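Below you'll find the structure, written out as structure tokens, and then a few comments.
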Amino acid sequence: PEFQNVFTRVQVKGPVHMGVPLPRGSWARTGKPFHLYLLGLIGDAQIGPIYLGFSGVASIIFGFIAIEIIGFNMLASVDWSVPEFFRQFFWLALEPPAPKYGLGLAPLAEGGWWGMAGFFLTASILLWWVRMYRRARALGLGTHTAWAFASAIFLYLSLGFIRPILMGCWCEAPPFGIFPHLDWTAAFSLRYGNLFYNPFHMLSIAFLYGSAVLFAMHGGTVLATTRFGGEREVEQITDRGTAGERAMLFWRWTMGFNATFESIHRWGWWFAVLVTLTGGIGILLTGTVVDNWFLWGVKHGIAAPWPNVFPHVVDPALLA
Amino acid sequence: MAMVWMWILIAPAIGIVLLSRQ
Amino acid sequence: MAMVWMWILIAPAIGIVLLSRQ
Amino acid sequence: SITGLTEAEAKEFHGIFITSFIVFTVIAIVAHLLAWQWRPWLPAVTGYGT
Amino acid sequence: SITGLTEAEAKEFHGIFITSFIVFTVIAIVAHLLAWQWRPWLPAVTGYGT
Amino acid sequence: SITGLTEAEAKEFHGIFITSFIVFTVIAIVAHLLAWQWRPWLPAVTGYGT
Amino acid sequence: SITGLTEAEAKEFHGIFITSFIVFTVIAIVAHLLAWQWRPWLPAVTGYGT
Amino acid sequence: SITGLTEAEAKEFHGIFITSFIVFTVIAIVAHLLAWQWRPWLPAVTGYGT
Amino acid sequence: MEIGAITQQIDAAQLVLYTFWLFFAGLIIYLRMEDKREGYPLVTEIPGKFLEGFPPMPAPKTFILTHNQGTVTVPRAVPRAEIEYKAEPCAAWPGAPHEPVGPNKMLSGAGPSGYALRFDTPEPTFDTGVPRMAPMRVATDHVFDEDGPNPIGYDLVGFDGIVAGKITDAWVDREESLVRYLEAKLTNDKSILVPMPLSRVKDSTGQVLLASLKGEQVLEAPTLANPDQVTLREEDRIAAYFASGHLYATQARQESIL
Amino acid sequence: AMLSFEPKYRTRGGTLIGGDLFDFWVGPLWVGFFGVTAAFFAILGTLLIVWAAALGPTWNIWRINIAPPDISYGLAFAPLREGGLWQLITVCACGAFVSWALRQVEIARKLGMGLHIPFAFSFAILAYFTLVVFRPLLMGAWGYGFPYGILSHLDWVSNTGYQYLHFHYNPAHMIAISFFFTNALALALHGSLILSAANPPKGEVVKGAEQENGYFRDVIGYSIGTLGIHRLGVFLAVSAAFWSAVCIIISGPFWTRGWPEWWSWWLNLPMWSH
Amino acid sequence: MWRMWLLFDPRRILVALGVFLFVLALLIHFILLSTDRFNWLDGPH
Amino acid sequence: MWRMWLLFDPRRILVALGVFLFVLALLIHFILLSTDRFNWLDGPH
Amino acid sequence: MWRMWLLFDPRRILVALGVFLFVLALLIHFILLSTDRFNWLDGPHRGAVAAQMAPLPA
Amino acid sequence: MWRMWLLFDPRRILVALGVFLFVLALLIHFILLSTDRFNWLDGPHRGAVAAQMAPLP
Amino acid sequence: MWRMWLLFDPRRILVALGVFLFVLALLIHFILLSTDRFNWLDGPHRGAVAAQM
Ligand code: BCL
Ligand code: BCL
Ligand code: BCL
Ligand SMILES: CC[C@H]1c2cc3[nH]c4c(c3C)C(=O)[C@H](C(=O)OC)c4c3nc(cc4[nH]c(cc(n2)[C@@H]1C)c(C(C)=O)c4C)[C@@H](C)[C@@H]3CCC(=O)OC/C=C(/C)CCC[C@H](C)CCC[C@H](C)CCCC(C)C
Ligand SMILES: COC(C)(C)C/C=C/C(C)=C/C=C/C(C)=C/C=C/C(C)=C/C=C\C=C(C)\C=C\C=C(C)\C=C\C=C(/C)C(=O)CCC(C)(C)OC
Ligand SMILES: [Fe+3]
């Protein structure tokens, strides 16, 4: 068959690309880049250099302290037993504060460490957002990456900061652990009545599925047209070639309409962004303006009428 | 116990000015 | 127990200053 | 001048920066004095005791 | 000169850095003196005991 | 010389590194002496027994 | 020389490396003797038994 | 020669390798002898008993 | 206790949902308008009837290009000229296909052999106006990596097993440091470029396999105007010629196989 | 109507079945043999859905619920009013999806493109086939398929998930979610980078591979490149669907207990077992 | 200390300091408002 | 030790040291606020 | 041992050493805070904890 | 059998052997530690719990 | 045996040895803290253990 362009075995070693000159006052790029044949198989072979400005170093320091708070408490929760740490690592977490303390500062053993880790991690994420914004400007690029990142931060802040404030308790926020934060996700749905019936949860899923649909379609489109230089997308945007025309005609002949090599990336940008934008809004609504999503769904005529195959039963707590 | 806050707030401010004149 | 914190806080500062003036 | 400032303008900014820092701190100091009058902090080990 | 500074300016930075370090440390020392006066730490094994 | 250091500037670094390590270690030694007086560690198998 | 050292350098490093290994191990041997005195390990099948 | 080692050095490395393997094993044998003294393994079908 | 109720039936979460629907309707309108910056207005089977569909075409936007190769405004007021493709319609009614003409359908310009009239100048690098694609004899700072195949000196073979020539040099992308074309010396002394995405480097037998063209059809592939650089338009011509072989190399490849 | 550049591309050929008989366009859409077949299955399947809705108790679009047969019917074809209609709609859906994929193959061949797009779509079809035929076949009853209804099939997902009492602990579920979440992160990054390069601040020149690769080397120390990101987009999206199919095929045919209990193999490893 | 402005851009310092001072003030106000004693809106409970 | 600024960028040292000291100071203030004895706002319970 | 600094970069060693020593010191201080006997802030008497399984404060 | 080193590069073999021997020894030491009989520190694992229950609301 | 530093880079060996020994020492110190008998900070009898026959 034809070359499927799955991976690249024929590779050439050129001079390392350090990037465009930076604006006056910027730091020097860190590290000496080197060629790696393994990464050249599936993508670009060069590793480095990296730019570490003020935002990058500040974000790392803030984030590292937060990670240390999580890890030290996780290790203390198994009484410093390394065999138990490896055994239980997925089960461990840094738990959010007890409901007693509301929005106030909890004692260290009862959620105080969680709040400090939440603050330092949030600062690190925000400082990383500045890094994504400023690195784009330094290269003369648009800030689309930073604003897409802000959408992801919105869901993160809604889960851990905005909604706990709206509910009046840091106890509603997720824990810092792998299995426990899955427990929190499930317990959230149990408490607030089947989050499937949250319409913004429906939309977020539609865009999450849609992001997988679009990237499979778009990635497949580019791979199918790499024989025409389809992966050189910006050059296709400013001077349309046969790769762009065939890509547009494939989808027009398939489903009756098509994008362009520029607008497809707008479809992809919004579909990913709307996952966390609609998701964040849905999380802010539950417990604040809706307490049971299934009963809200029943009220708004979206609960399918499933037959009841059992004899009628009365709540035994009422007759007691 | 006001003296505790006064030093930690004012003395750094004076420190910046005194380090600045040199 | 005041000397417990006075040493650990002040002695490194003296060490840094003396090491700097080397 | 890695920043790209001459001696004249570097001195000018430093003078304005210190004056703004002093003005900002002085206002904050009086704010803390009024805040202390409204509600003192740093309680004794037995509490505030009204 | 991997950094890119001359010997003269390295000395001047060192003098400013150490002087700033001393000023910052001395202020911190007085703050710890005031903090110890407000609430001592390092209790006995039986506790602070009022 | 992969590092790129002359013999004169490398022996000086070794001198500065050693004295900083010794000063750092001596301060830590005194800190541990004070810490032992405040609260000894390494109890007996029965316990600390006050 | 795959590494890049000379005939003289490899032997000189060997002497320093072995000496550091001896000093590190000797200190650890003293530490284990002290640790054994504080709390012996390797109990009997029925326990340590005071 | 795929390895690139000449005959003289390859036999020398083998002599070092075999000698190190013997020493490593002999220490392990005595270690297992001591381990068997402290706590035997390979119990009977009904357990170690006592 | 009814927190979030606006009326007896309308609540806050419902209102926020309808607010999103209005935004999402506007977003789809915006996205569909952006989709219409290329290829619109549509052409019909009428000399001067054009359709823009719904939503309408957006206001023009301008791209500034590097190294004084001009400004591009999309949607174009006057669309780019099309190539003079040679095909005969299979029927007169709208929606019918056409059949490419000529003994070599890969040169007809119809179907998969069509291409766009791109810039007739080489794509330049950003740092310098130097052509982005260059043969490795010119871009001497690029060398083939070890532990990977070196196609120089391999035979160029069509899918029918006929050797068309030998690989002489490789063309690299000076921006991304990768191979984009293999240059082959054909048996008629032609020196054509073959697309790397359409080449299977079999380093076991020392052959570069073409699944798209027979050996004799390789001999008619496009040649460069000058031997050390390739324009954007020439890149499209080369890609169209080789890729159209999957449908035009043999009569079987164009007909239903079952 | 056709795009400005379209007319030269409308060649005859590329079909797998039929040939010139169905090789024509209706408006912008190409038909082919599988377009006829896809249209037939789609229209019949949709019409049967409406008829099944007509037999139901509501016309509310959100509340229409077409359910599979009872488990007791096993692998037999149930009567139409008791899950037989669901089975017919399922067969139409399977036919429509396969015809759509095969139609895409012919369209890609007509344009001389690779077959990457239908290949990627085939993994979506595999997940659907896992849900409605493969998993029900291993369980021995068509009643295991999810009901056809906009909100009613969420009820099937919810009840199915709690048949294992904590579905988050399903290990293939974790992998599939990791692929879905990473794909969305990758899509946001890729869409942003292209738009940022093509749409710099007003009056500034458009940016190319030097800034695109330079941007992620500056922020993260590595750039995968334009070819790599589109490979990654397919790989992440395809593997999300593949591991989704795995996560549900093992739920019930190969695991009948709570999913958290499955992790006892890790907890009981002899290096740290209690 | 004026020599610091030859090392750091005054424009960069001011914006970073402004954001730093605002977030710090926002943090302190929030902490006080969540205490019983220093809540100035609803007061002690 | 005046030579330590020959091999270390003073701009990079100050930025890392400045962030480190502020993070450490935030860490210590946060710890004390979460203690019963050294909480200076609501006081001991 | 002055000859070792011709083999190891003083920049790399000092930066790696500083990070390693701070993390180690931070870890040891945390471990002491995680003990009743060596807790130097609240002392040996651990405070009572609140109920986790509690409703929201309303 | 000295010829084994004419076939394999000594640098890789020693590194591979050193990594292999440490992981195996770490594996064996941990398996014994998890047992009651061969635990050389405390012996049988008692599974100590926290001193008191967290209070109910 | 001195003919090993020409075969292995001393810089790579010392860095690997330094990381390995520190991680190993952390591992052992941590394990002793987790034990009831060898915990040198809080000492023995830190939790509740059911009586055995
Ligand atoms: C039983 C569980 C419930 C359920 C409970 C919830 C809850 C609760 C939530 C969701 C949410 C979502 N659910 Mg749900 N959900 C259910 C069933 C499903 C099903 C299904 C087929 O059954 C699917 C496909 C989904 C899918 C989804 C997504 C659409 C949405 C998550 C978006 C996202 O990508 O967040 C992932 C992205 C983020 C969380 C942002 C991350 C960005 C930050 C910046 C990360 C920083 C990392 C940092 C730097 C590193 C730190 C490392 C340190 C060591 C800590 N759910 C069932 C009904 N679901 C979320 C939502 O938005 O709902 C409206 C949400 O909060
Ligand atoms: C006990 C609780 C008391 C209280 C006790 C105190 C005390 C004590 C103080 C304050 C202070 C402040 N309080 Mg108060 N405060 C209370 C309740 C309030 C309420 C309210 C709705 O109840 C409001 C609106 C405020 C508002 C304020 C601000 C005026 C002030 C914080 C200044 C600042 O953040 O500078 C940060 C921002 C800057 C410094 C920007 C300066 C310009 C920059 C440097 C130049 C370039 C800018 C560049 C472009 C970057 C811009 C970034 C943006 C500015 C973010 N307080 C309650 C009643 N409040 C402080 C004050 O008075 O300071 C003057 C102070 O000391
Ligand atoms: C449980 C009973 C005792 C106790 C029992 C023992 C026993 C038994 C031993 C120790 C040993 C040690 N104990 Mg003790 N120890 C106790 C409690 C403590 C406490 C505490 C807070 O309570 C501390 C801080 C320590 C600390 C220490 C260390 C001084 C020492 C481990 C050396 C090491 O890790 O080298 C790791 C680091 C290196 C080897 C440096 C490597 C140098 C390299 C080769 C050169 C290049 C460097 C390279 C470029 C950079 C990378 C290296 C970096 C360090 C990462 N112990 C209790 C009180 N302890 C061990 C010892 O004494 O060793 C001499 C030992 O045998
Ligand atoms: C549109 C929504 C989707 C999305 C988008 C998105 N995410 C993004 C972005 C975008 C557009 C970015 O630009 C940003 C990024 O940088 O991407 C490369 C990012 C990002 N999304 C990430 C994760 C992420 N995204 C997720 C989800 C999503 N992201 C959505 C699906 C998730 C999920 C599903 O949970 C995760 C986990 C990160 C990879 C990155 C943000 C990175 C960040 O915030 O970095 C700072 C955080 C830290 C914890 C600091 C780390 C510190 C180091 C570990 C220290 C190492 C040691 C140290 C050097 C020692 C010395 C220290 C001294 C103090 C001693
Ligand atoms: C040598 O060190 C090592 C040993 C290597 C360290 C090892 C560390 C390790 C292993 C760490 C592992 C960590 C792991 C596995 C973490 C996993 C975390 C997961 C999955 C988290 C998931 C979700 C978490 C979320 C959404 C949390 C959000 C929290 C937020 C937003 C909190 C924000 C509040 C802010 C901004 C505040 O201002 C409040 C602060 C204050 C008022 C003081 O307190 C109230
Ligand atoms: Fe793309």
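Identifiers in the structure tokens: chain A, B, ... in order shown; residue index from 1 per chain; ligand index from 1 in order shown.
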
Contacts to ligand 2 at 8 Å cut-off (only C-alpha atoms and all ligand atoms) as a CSV table (one decimal) with C-alpha atoms, in the first residue's frame:
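Output below, filename result.csv:
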chain,number,residue,atom,x,y,z
D,24,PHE,CA,1.6,54.4,49.9
D,25,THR,CA,3.2,53.2,53.1
D,27,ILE,CA,-1.5,55.9,54.1
D,28,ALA,CA,-1.3,52.2,55.0
D,29,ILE,CA,0.2,53.0,58.4
D,30,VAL,CA,-2.7,55.3,59.3
D,31,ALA,CA,-5.2,52.7,57.9
D,32,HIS,CA,-3.7,50.1,60.3
D,33,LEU,CA,-3.9,52.6,63.2
D,34,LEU,CA,-7.7,53.1,62.5
D,35,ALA,CA,-8.1,49.3,62.0
D,38,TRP,CA,-11.8,49.4,65.4
D,39,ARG,CA,-10.6,45.9,66.3
K,14,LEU,CA,5.4,48.4,38.1
K,15,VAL,CA,2.8,46.0,36.5
K,16,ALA,CA,4.2,43.0,38.4
K,17,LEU,CA,4.1,45.0,41.6
K,18,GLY,CA,0.6,46.3,40.9
K,19,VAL,CA,-0.7,42.8,40.4
K,20,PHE,CA,1.2,41.5,43.4
K,21,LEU,CA,-0.1,44.2,45.7
K,22,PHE,CA,-3.7,43.9,44.5
K,23,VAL,CA,-3.8,40.1,45.0
K,24,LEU,CA,-2.1,40.4,48.4
K,25,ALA,CA,-4.6,43.0,49.5
K,26,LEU,CA,-7.4,40.8,48.1
K,29,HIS,CA,-9.4,41.2,53.0
K,32,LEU,CA,-10.3,38.9,57.6
K,33,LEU,CA,-13.8,38.7,56.2
K,38,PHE,CA,-12.8,41.0,61.9
K,39,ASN,CA,-15.9,40.5,59.7
K,40,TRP,CA,-16.9,44.1,59.1
K,41,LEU,CA,-20.1,43.4,57.2

All Cα atoms, paired in order, least squares: that's the fit I need for chain H onto chain G, output as a PDB file with C-alpha atoms, in the first residue's frame.
ATOM      1  CA  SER H   1      39.616   6.142  25.416  1.00  0.00           C
ATOM      2  CA  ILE H   2      35.830   6.382  25.644  1.00  0.00           C
ATOM      3  CA  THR H   3      35.969   8.251  28.960  1.00  0.00           C
ATOM      4  CA  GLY H   4      38.843  10.433  27.760  1.00  0.00           C
ATOM      5  CA  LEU H   5      40.613  10.361  31.121  1.00  0.00           C
ATOM      6  CA  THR H   6      44.341   9.772  30.788  1.00  0.00           C
ATOM      7  CA  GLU H   7      46.053   7.009  32.756  1.00  0.00           C
ATOM      8  CA  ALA H   8      47.623   9.288  35.374  1.00  0.00           C
ATOM      9  CA  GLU H   9      44.369  11.017  36.319  1.00  0.00           C
ATOM     10  CA  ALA H  10      42.235   7.860  36.191  1.00  0.00           C
ATOM     11  CA  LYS H  11      44.424   6.170  38.808  1.00  0.00           C
ATOM     12  CA  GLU H  12      44.330   9.368  40.871  1.00  0.00           C
ATOM     13  CA  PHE H  13      40.520   9.483  40.798  1.00  0.00           C
ATOM     14  CA  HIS H  14      40.359   5.809  41.771  1.00  0.00           C
ATOM     15  CA  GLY H  15      42.589   6.506  44.764  1.00  0.00           C
ATOM     16  CA  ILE H  16      40.283   9.321  45.861  1.00  0.00           C
ATOM     17  CA  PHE H  17      37.201   7.185  45.197  1.00  0.00           C
ATOM     18  CA  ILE H  18      38.451   4.215  47.227  1.00  0.00           C
ATOM     19  CA  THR H  19      39.602   6.448  50.090  1.00  0.00           C
ATOM     20  CA  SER H  20      36.236   8.227  50.212  1.00  0.00           C
ATOM     21  CA  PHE H  21      34.407   4.892  50.097  1.00  0.00           C
ATOM     22  CA  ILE H  22      36.457   3.602  53.039  1.00  0.00           C
ATOM     23  CA  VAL H  23      35.742   6.706  55.130  1.00  0.00           C
ATOM     24  CA  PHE H  24      32.038   6.626  54.258  1.00  0.00           C
ATOM     25  CA  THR H  25      31.813   2.945  55.212  1.00  0.00           C
ATOM     26  CA  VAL H  26      33.786   3.326  58.457  1.00  0.00           C
ATOM     27  CA  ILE H  27      31.429   6.065  59.654  1.00  0.00           C
ATOM     28  CA  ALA H  28      28.458   3.894  58.671  1.00  0.00           C
ATOM     29  CA  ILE H  29      29.903   0.953  60.622  1.00  0.00           C
ATOM     30  CA  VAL H  30      30.194   3.044  63.785  1.00  0.00           C
ATOM     31  CA  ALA H  31      26.727   4.465  63.111  1.00  0.00           C
ATOM     32  CA  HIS H  32      25.304   0.937  62.965  1.00  0.00           C
ATOM     33  CA  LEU H  33      27.234   0.023  66.117  1.00  0.00           C
ATOM     34  CA  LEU H  34      25.536   2.912  67.916  1.00  0.00           C
ATOM     35  CA  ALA H  35      22.170   2.042  66.360  1.00  0.00           C
ATOM     36  CA  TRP H  36      22.513  -1.556  67.560  1.00  0.00           C
ATOM     37  CA  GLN H  37      23.276  -0.251  71.051  1.00  0.00           C
ATOM     38  CA  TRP H  38      20.161   1.941  71.043  1.00  0.00           C
ATOM     39  CA  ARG H  39      17.783  -0.573  69.472  1.00  0.00           C
ATOM     40  CA  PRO H  40      18.714  -4.053  68.199  1.00  0.00           C
ATOM     41  CA  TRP H  41      17.024  -5.642  65.207  1.00  0.00           C
ATOM     42  CA  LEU H  42      16.771  -9.249  63.974  1.00  0.00           C
ATOM     43  CA  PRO H  43      14.425 -10.540  66.704  1.00  0.00           C
ATOM     44  CA  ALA H  44      13.725 -14.127  67.672  1.00  0.00           C
ATOM     45  CA  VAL H  45      10.724 -16.001  66.276  1.00  0.00           C
ATOM     46  CA  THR H  46       8.756 -15.031  69.397  1.00  0.00           C
ATOM     47  CA  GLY H  47       9.775 -11.350  69.295  1.00  0.00           C
ATOM     48  CA  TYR H  48      12.399  -9.228  70.992  1.00  0.00           C
ATOM     49  CA  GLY H  49      11.009 -10.086  74.431  1.00  0.00           C
ATOM     50  CA  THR H  50      12.318  -7.188  76.513  1.00  0.00           C
TER      51      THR H  50
END

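Those residues of chain K that fall within 9 Å of chain L when using only C-alpha atoms read residues 7, 8, 32, 35, 36, 37 and 38 of chain K.
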
Now that the selection is made, can you save its residues with N, CA and C atoms as a tab-separated table (two decimals), in the first residue's frame?
chain	number	residue	atom	x	y	z
K	7	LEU	N	19.15	47.26	36.03
K	7	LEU	CA	19.07	45.81	35.94
K	7	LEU	C	17.68	45.32	35.57
K	8	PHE	N	16.63	45.99	36.04
K	8	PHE	CA	15.26	45.58	35.79
K	8	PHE	C	14.48	46.70	35.13
K	32	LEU	N	-9.66	38.20	56.49
K	32	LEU	CA	-10.32	38.92	57.58
K	32	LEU	C	-11.83	38.76	57.52
K	35	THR	N	-13.13	35.58	59.04
K	35	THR	CA	-13.02	35.41	60.48
K	35	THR	C	-14.27	35.93	61.17
K	36	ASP	N	-14.47	35.47	62.40
K	36	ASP	CA	-15.59	35.97	63.20
K	36	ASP	C	-15.32	37.37	63.71
K	37	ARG	N	-14.09	37.63	64.17
K	37	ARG	CA	-13.80	38.87	64.86
K	37	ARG	C	-13.70	40.06	63.91
K	38	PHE	N	-13.08	39.87	62.74
K	38	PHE	CA	-12.77	40.97	61.85
K	38	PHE	C	-13.72	41.08	60.67

Contacts to ligand 4 at 7 Å cut-off (only C-alpha atoms and all ligand atoms) as a PyMOL selection string: (chain A and resi 59-65+67+121+124-125+128+132+145-146+148-149+151-152+272-273+275-276) or (chain J and resi 181-182+184-185+188-189+219-220) or (chain L and resi 20) or (chain M and resi 19+22-23)

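The contact shell of ligand 6, defined as all polymer residues within 8 Å when only C-alpha atoms and all ligand atoms are used, comprises residues 218, 219, 222, 231, 233, 261, 264 and 265 of chain A; 190, 191, 194, 226, 229 and 230 of chain J.
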
Expected file contents, prior selection, N, CA, C and O atoms, as a PDB file, in the first residue's frame:
ATOM      1  N   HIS A 218      -9.898  16.258  11.739  1.00  0.00           N
ATOM      2  CA  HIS A 218      -8.897  17.202  11.253  1.00  0.00           C
ATOM      3  C   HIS A 218      -7.532  16.547  11.119  1.00  0.00           C
ATOM      4  O   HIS A 218      -6.846  16.735  10.109  1.00  0.00           O
ATOM      5  N   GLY A 219      -7.117  15.781  12.127  1.00  0.00           N
ATOM      6  CA  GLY A 219      -5.857  15.069  12.019  1.00  0.00           C
ATOM      7  C   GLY A 219      -5.848  14.098  10.856  1.00  0.00           C
ATOM      8  O   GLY A 219      -4.857  13.992  10.133  1.00  0.00           O
ATOM      9  N   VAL A 222      -5.484  16.111   7.573  1.00  0.00           N
ATOM     10  CA  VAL A 222      -4.126  16.569   7.306  1.00  0.00           C
ATOM     11  C   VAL A 222      -3.227  15.401   6.914  1.00  0.00           C
ATOM     12  O   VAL A 222      -2.429  15.506   5.977  1.00  0.00           O
ATOM     13  N   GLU A 231       0.145  19.534   5.934  1.00  0.00           N
ATOM     14  CA  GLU A 231       0.505  19.878   7.304  1.00  0.00           C
ATOM     15  C   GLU A 231       1.151  21.253   7.419  1.00  0.00           C
ATOM     16  O   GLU A 231       1.291  21.757   8.536  1.00  0.00           O
ATOM     17  N   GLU A 233       0.130  24.247   7.386  1.00  0.00           N
ATOM     18  CA  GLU A 233      -1.231  24.771   7.397  1.00  0.00           C
ATOM     19  C   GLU A 233      -1.268  26.283   7.221  1.00  0.00           C
ATOM     20  O   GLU A 233      -2.126  26.802   6.499  1.00  0.00           O
ATOM     21  N   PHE A 261      -8.744  25.849   5.918  1.00  0.00           N
ATOM     22  CA  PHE A 261      -7.601  25.472   6.735  1.00  0.00           C
ATOM     23  C   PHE A 261      -7.423  26.399   7.929  1.00  0.00           C
ATOM     24  O   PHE A 261      -6.817  25.995   8.926  1.00  0.00           O
ATOM     25  N   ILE A 264     -11.137  25.683  10.357  1.00  0.00           N
ATOM     26  CA  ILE A 264     -11.208  24.409  11.068  1.00  0.00           C
ATOM     27  C   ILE A 264     -10.540  24.532  12.430  1.00  0.00           C
ATOM     28  O   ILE A 264     -11.006  23.959  13.421  1.00  0.00           O
ATOM     29  N   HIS A 265      -9.452  25.299  12.505  1.00  0.00           N
ATOM     30  CA  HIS A 265      -8.794  25.520  13.786  1.00  0.00           C
ATOM     31  C   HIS A 265      -9.619  26.426  14.691  1.00  0.00           C
ATOM     32  O   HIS A 265      -9.429  26.413  15.910  1.00  0.00           O
TER      33      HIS A 265
ATOM     34  N   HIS J 190      -3.510  23.055  19.704  1.00  0.00           N
ATOM     35  CA  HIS J 190      -3.252  23.097  18.270  1.00  0.00           C
ATOM     36  C   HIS J 190      -4.055  24.197  17.593  1.00  0.00           C
ATOM     37  O   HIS J 190      -3.521  24.954  16.775  1.00  0.00           O
ATOM     38  N   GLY J 191      -5.347  24.291  17.910  1.00  0.00           N
ATOM     39  CA  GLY J 191      -6.156  25.353  17.342  1.00  0.00           C
ATOM     40  C   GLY J 191      -5.639  26.728  17.712  1.00  0.00           C
ATOM     41  O   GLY J 191      -5.615  27.636  16.881  1.00  0.00           O
ATOM     42  N   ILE J 194      -2.174  27.590  15.666  1.00  0.00           N
ATOM     43  CA  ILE J 194      -2.380  27.943  14.265  1.00  0.00           C
ATOM     44  C   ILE J 194      -3.027  29.315  14.149  1.00  0.00           C
ATOM     45  O   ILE J 194      -2.602  30.152  13.344  1.00  0.00           O
ATOM     46  N   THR J 226       4.388  20.145  13.186  1.00  0.00           N
ATOM     47  CA  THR J 226       3.086  20.150  12.524  1.00  0.00           C
ATOM     48  C   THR J 226       2.636  18.744  12.146  1.00  0.00           C
ATOM     49  O   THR J 226       1.453  18.413  12.273  1.00  0.00           O
ATOM     50  N   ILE J 229       1.680  16.787  15.549  1.00  0.00           N
ATOM     51  CA  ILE J 229       0.458  17.165  16.251  1.00  0.00           C
ATOM     52  C   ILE J 229      -0.764  16.562  15.568  1.00  0.00           C
ATOM     53  O   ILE J 229      -1.723  16.156  16.234  1.00  0.00           O
ATOM     54  N   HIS J 230      -0.750  16.476  14.236  1.00  0.00           N
ATOM     55  CA  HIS J 230      -1.877  15.868  13.538  1.00  0.00           C
ATOM     56  C   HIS J 230      -1.857  14.352  13.678  1.00  0.00           C
ATOM     57  O   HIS J 230      -2.914  13.715  13.715  1.00  0.00           O
TER      58      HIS J 230
END

Surrounding residues as an NGL selection string, ligand 1, max 8 Å, only C-alpha atoms and all ligand atoms: (:A and (63 or 66-67 or 70 or 121 or 124-125 or 149 or 152-156 or 159 or 176-177 or 184-190 or 194-196 or 198 or 200-209 or 275-283)) or (:J and (154 or 157-158 or 161 or 166-168 or 177 or 180-181 or 184))
